[PDB]
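Notes follow once the structure below has been shown.
Quick note: numbers below take in every heavy atom, side chains included, and nothing from hydrogens, waters or symmetry partners. Every number for a ligand or one of its atoms is a count from 1 in the order of the listing. First the proteins, then the strands, lettered A, B, ... as listed; each starts at 1.
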Protein chains: 2
Amino acid sequence: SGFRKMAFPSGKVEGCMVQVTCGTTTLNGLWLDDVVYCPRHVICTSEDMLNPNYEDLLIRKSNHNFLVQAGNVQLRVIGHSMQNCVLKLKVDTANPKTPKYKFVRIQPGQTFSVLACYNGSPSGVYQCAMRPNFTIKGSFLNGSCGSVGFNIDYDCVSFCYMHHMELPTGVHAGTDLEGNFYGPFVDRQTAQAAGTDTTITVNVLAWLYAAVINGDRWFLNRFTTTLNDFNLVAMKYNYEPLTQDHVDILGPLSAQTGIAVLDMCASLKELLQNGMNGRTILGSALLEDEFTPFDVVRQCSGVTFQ
Amino acid sequence: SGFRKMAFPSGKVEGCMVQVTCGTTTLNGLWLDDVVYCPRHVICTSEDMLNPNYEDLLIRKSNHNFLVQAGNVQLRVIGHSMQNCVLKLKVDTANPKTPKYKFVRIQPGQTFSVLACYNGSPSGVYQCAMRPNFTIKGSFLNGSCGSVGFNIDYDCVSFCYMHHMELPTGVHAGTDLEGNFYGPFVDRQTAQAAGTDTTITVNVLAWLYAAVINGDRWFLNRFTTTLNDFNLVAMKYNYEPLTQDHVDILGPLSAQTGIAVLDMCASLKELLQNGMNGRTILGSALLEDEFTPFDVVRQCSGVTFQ
Ligand SMILES: *C(=O)[C@H](C[C@@H]1CCCNC1=O)NC(=O)[C@H](CC(C)C)NC(=O)[C@@H](NC(=O)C1CCCCC1)C(C)C
Ligand SMILES: *C(=O)[C@H](C[C@@H]1CCCNC1=O)NC(=O)[C@H](CC(C)C)NC(=O)[C@@H](NC(=O)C1CCCCC1)C(C)C
């Protein structure tokens, strides 16, 4: 038993991290086959980031201006191209540690593991969720750009996020591996408003199901509710509306616990309107919304990866 | 900025996990050089675990009775020995993925990363702390035994924990890699009382320092306190006493924030006696005690590993 914030094993991603240096700016790159992917603002100076002209800055750069180091061995760049907000540096050596990989663009509410790196070396791994406002609540310092978010399915690593910037709110914004930002953000040091965040309701319900599987059942009440009446209450507390698709995704958890989804919604409705009265659920005094139903079933059934 | 529960990169440990099968019982093993380490109750049946005679059970076992598989390749056992509560299976092939490693016995209050494995395949990675009562609050299912806890220092993996059992309280007990249990526990299915847990005070203070570094400063009050008067209040709320050694360990965090340790203790004293009044610190409504001062400085300074 037990339930913990669990991240994917990072071994397959660790073998792909390199250091990319262009002048003074050094950050991390993703070495897949004979291509190194990294944020394009590596070609920027501190004065350029206020309003950078990336194409103009890149034209003044040639292949030798990019210092790519994998561990202690330097990789030679033999070509560079810019795809949206990421640079693609073709190197003369293909990464022998390249795993089976995929480039995916995740949806809001989905989770992924972040491998925080500095100077091409991993610092730690943690689990994140794509917030409804297309930000993430990560842990990034100077030089962390190029760190990637990923999921592992069987033996295939699904790269879905690359870190680019931090907003003064404390949250972080980035792109997919094709260079397209998540949300209305741009890679420039200027005022950008992030929309108000919302609680991921289907993830809270999945977390409550995990609590039942682990023996934390005090919050279960004797009532049921309709999907419409639940969403009217959840909307009041800044919860996303629960769709029938979300009810279907919670199917596996509902059958394992014998608790209908609308019955669990009735318990969540009482938790929102009355609070916890100083009690905890799975060791938390707040409702957790960064566990997908797939995360819950994977941890509660022991799904492994190759 | 930002602060997350962060685990070490698991790549160096992933290359050491194998599947160990003895009859029906299958669990995980740690393949280091030409030795595979695994919990000794792999030689037990479900009826044996009530009161097992491990030496008698092992004498009836020969080398071929241990099926060790690394991925899809079977490793041949050429010798077996029992050291306390772990089996040491000598295999004819030395693990080419063996990293620089060390066997350490951690102290209560220290943290480490757990790589949860099933059938020798990693499922996820998360950060744990050795509770004062020598248990851990992990996430383990059937077949997780053999999963190891570890820290990474520079390039050396310090193995410190191997999972053995779960108590009905929901907590988990295990051994170091020499087979010696943490706490007064034995590897048998019988009633065993775990001592009452205690909040790790120096870790809470380190967590409050992390909050200040990340801009969460509302809890800082204008008062100071003595080390003795703080421990009298902390004892009332089941906090471990703060020693001068703990004050010295908090030195780096105190100098970075300019907040004396006894000043932060005065703020923690007010938090304990008055609560948070519905407010959060680093997104938590409860005080976190599973971050060491070393964990805080590593995440707040970006320490990497080879
Ligand atoms: C890359 O390594 C770096 C990581 C940042 C900086 C360090 C703090 N935490 C991080 O994740 N990214 C970086 O420097 C960004 C470069 C882009 C401008 C291309 N810059 C930022 O992230 C800056 N953030 C902002 O300017 C926001 C943008 C929208 C709202 C106003 C301020 C930070 C603050 C340096
Ligand atoms: C090994 O894979 C397995 C992992 C356990 C079992 C599954 C639940 N979560 C885990 O971590 N360990 C295992 O089966 C133990 C074998 C030893 C007896 C050698 N058994 C247990 O962990 C059992 N726990 C107990 O018997 C406690 C011991 C002290 C208090 C009374 C009950 C579990 C409950 C099967």
What is the ring orientation for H163(A) with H172(A), classed by angle as parallel under 30°, tilted 30 to 60°, or perpendicular over 60°? perpendicular
On the 0 to 90° scale, with breaks at 30° and 60°, tag the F150(B)-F8(B) ring pair as parallel, tilted or perpendicular. tilted
Taking the minimum heavy-atom distance to atom 23 (C) of ligand 1, which of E166(A), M165(A), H172(A), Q192(A) ranks first? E166(A)
Should the pair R40(A) and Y54(A) be classed as cation-pi, given the thresholds of under 6.0 Å to the six-membered ring centre and 45° from the axis?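 Yes, a cation-pi geometry holds between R40(A) and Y54(A).
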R188(B) and ligand 2 - part of the residue with a heavy-atom distance under 4.0 Å: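 Near ligand 2, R188(B) shows its backbone, while the atoms from C-beta on stay back.
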Any idea which part of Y118(B) is under 4.0 Å from ligand 2, heavy-atom wise: side chain, backbone, both or neither?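 Contact part for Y118(B) vs ligand 2: neither.
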Residue [X] vicinity, atoms of ligand 2 by number, heavy atom under 4.0 Å:
| X | value |
| --- | --- |
| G143(B) | 2 (O) |
| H163(B) | 4 (C), 10 (C), 11 (O) |
| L141(B) | 4 (C), 7 (C) |

Give me the residue, atom name and distance of the protein heavy atom closest to atom 32 (C) of ligand 2.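 It is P168(B) CD, 3.5 Å.
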Distance to 0.1 Å, residue and atom name: give those for the protein heavy atom nearest to atom 29 (C) of ligand 2. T190(B) O, 3.2 Å
What are the two closest heavy atoms between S113(A) and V125(A), and how far apart are they?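 Here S113(A) and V125(A) meet closest at CB-CG2, 4.4 Å.
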For atom 14 (O) of ligand 2, is the nearest protein heavy atom closer than 4.0 Å? no
Determine if the distance from atom 35 (C) of ligand 2 to the closest protein heavy atom is below 4.0 Å. no
N/O of [X] under 3.5 Å from N/O of ligand 2, yes or no?
| X | answer |
| --- | --- |
| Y54(B) | no |
| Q189(B) | no |
| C145(B) | yes |
| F140(B) | yes |
| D187(B) | no |

Measuring centre to centre across the rings, with the benzene-like ring taken for any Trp, is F134(B) within less than 6.0 Å of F185(B)?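 No, they do not, as the ring centres are separated by 6.0 Å or more.
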Test of ring centre spacing under 6.0 Å for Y37(B) and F103(B):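 Yes: the rings meet the under 6.0 Å criterion.
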Going by the 4.0 angstrom heavy-atom rule, the piece of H41(A) near ligand 1 is side chain
Is the closest heavy-atom distance from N142(A) to ligand 1 below 4.0 Å? yes
Close side-chain approach of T190(B) and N51(B), heavy atoms under 4.5 Å: no
Taking side chain as C-beta onward, heavy atoms only, is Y118(A) less than 4.5 Å from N142(A)? no
Answer with yes or no whether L27(B) contacts ligand 2, where contact means a heavy atom under 4.0 Å from a ligand atom.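 For ligand 2, residue contact (heavy atoms, under 4.0 Å) with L27(B) is absent.
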Please report the interatomic distance SG(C160(B)) to CZ(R105(B)), rounded to the nearest 0.5 Å.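 The SG atom of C160(B) sits 10.5 Å away from the CZ atom of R105(B).
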For a ring-ring contact (aromatic ring centres under 6.0 Å, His included) with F3(B), tell me which candidate from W207(B), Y209(B), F291(B) qualifies.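 Passing option: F291(B).
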Under 6.0 Å from the NZ atom of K61(A), do we count more than 12 heavy atoms belonging to anything else shown? yes
